[PDB]
Amino acid sequence: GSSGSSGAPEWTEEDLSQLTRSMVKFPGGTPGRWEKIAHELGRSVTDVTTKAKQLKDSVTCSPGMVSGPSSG
């Protein structure tokens, strides 16, 4: 179709707050994870994963969760 329209809308507290809820319903390894979270949030797979990935990248956790420098 020649005619075209805008793409996908930005992220809003609503969409940013819902994601956390969906992520729980569809954890990692699950078949169609992003495919399910998107249908729930109302966005496109890439649209979601592309957003979540940013959240997983910028986080606050130990620089290296290690057990010990030397056993023996």
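Using the authors' numbering, read the sequence shown as starting at 1 and increasing by one per residue.
We treat Cβ as the ideally placed atom computed from N, Cα and C, and that holds for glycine.
* Asked: Hey, would you say the C-beta of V45 is under 7 angstroms away from at least one heavy atom of the ligand FAD?
  -> For the ligand FAD, the structure offers nothing, since it holds no ligand at all.
* Separation of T46 from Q54, as counted between CA atoms -> Here residue 54 refers to the residue found at position 54 when the sequence shown is read from its first residue. Here residue 46 refers to the residue found at position 46 when the sequence shown is read from its first residue. Roughly 12 angstroms separates the two Cα atoms.
* Please report how far the alpha carbon of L16 lies from the alpha carbon of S6, in whole angstroms. => By 1-based counting over the sequence shown, the position of residue 16 is 16. By 1-based counting over the sequence shown, the position of residue 6 is 6. If you take the alpha carbons of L16 and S6, they lie about 21 angstroms apart.
* Asked: To which residues of the same chain is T49 closer than 7 angstroms at the C-beta, ignoring the five residues directly before and after it?
  -> Taking the first residue of the sequence shown as 1, we reach residue 49 at position 49. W34, listed in sequence order.
* Which ranges does the beta strand (DSSP E) cover as unbroken runs of at least 3 residues, wholly within the stretch 2-33, from first to last along the chain? -> none
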